[PDB]
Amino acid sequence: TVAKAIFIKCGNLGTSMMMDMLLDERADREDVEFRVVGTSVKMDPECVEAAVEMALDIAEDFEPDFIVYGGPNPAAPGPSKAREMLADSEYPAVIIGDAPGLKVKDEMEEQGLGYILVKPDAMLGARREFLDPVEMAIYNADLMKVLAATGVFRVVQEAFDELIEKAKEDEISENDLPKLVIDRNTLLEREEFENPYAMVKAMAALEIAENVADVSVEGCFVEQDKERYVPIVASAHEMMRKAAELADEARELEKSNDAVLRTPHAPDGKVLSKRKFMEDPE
């Protein structure tokens, strides 16, 4: 049984940027096939629709078990446009978004949509005077580390793999669709870190990443004084740089304990596990 899916990427979110590859890390998974379509960073209602179109168009011949839409803020005009377009289609779907999507959480639970909401996947301080192309990449590097090293990506990966198994049953009922809200507190009900302090550091790191969103919003929308909003959006980035460093420190702690949890995929798509470095993943 070969499962299939289509990821639609509109806008830019750390979780959307990795979501699919967290599933096929070495491109050796022979139990799955993906198609990814998007219009880049543009998430306007015009483009957002053009993408879902390419998605439905392709799905015709492709025939996926489900379609994932990932992008920032599921409550915006663009994402909302696609949020509805997918509920109308014949394909089961999941919505990957940030905290700004809790506003439409109940709405998505009714639209019959599945979703994964990453609170710590904060919006970057986009203010021409500050966020140029390089700064953008830099910010996403740090956010990527935080989400990766804290275990958030493993939580996402396990969600999309637990669904691909149900997809193999060609029966993805709305009860089989994910409905997650990831945040610092998530780690409290997991076993990601063998080292306790490595866990509270990952937690402290997630709280900070979440706090970056408010700072970015204030500086991008509320504040309009150039002499005050440029410093604000930049202070948001300095915070994420520390969030990442906190995440890196946690990992190193696992390393010292030789307990870095690794869970790769076998060619058959089975999720294997290991703690010790020289221990085979079984």
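Quick note: we count residues from 1 along the sequence shown, nothing fancier. Basically, rigid core = biggest C-alpha set you can superpose within 1.5 Å across the two forms.
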RMS Cα shift after core superposition in 6 other deposited structures of this protein, winner of 166-174 and 119-127: 166-174
140-148 versus 109-117 - greater average Cα B-factor per the deposited record: 109-117
Average Cα temperature factor in the PDB entry - higher stretch of 211-219, 64-72: 64-72
Which of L131, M203, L102, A87 ranks first by CA B-factor in the deposited coordinates: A87
Top residue by Cα temperature factor, when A247, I232, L56, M240 are compared in the entry: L56
For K42, the third of its chain into which the C-alpha B factor falls: highest
Record-listed C-alpha B factor of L124: chain third: middle
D225 - which third its CA temperature factor falls in, relative to the rest of the chain: middle
Ranked against its chain, the third holding the CA B-factor of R184: middle
Chain-wide C-alpha B factor ranking for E135, given as lowest, middle or highest third: lowest
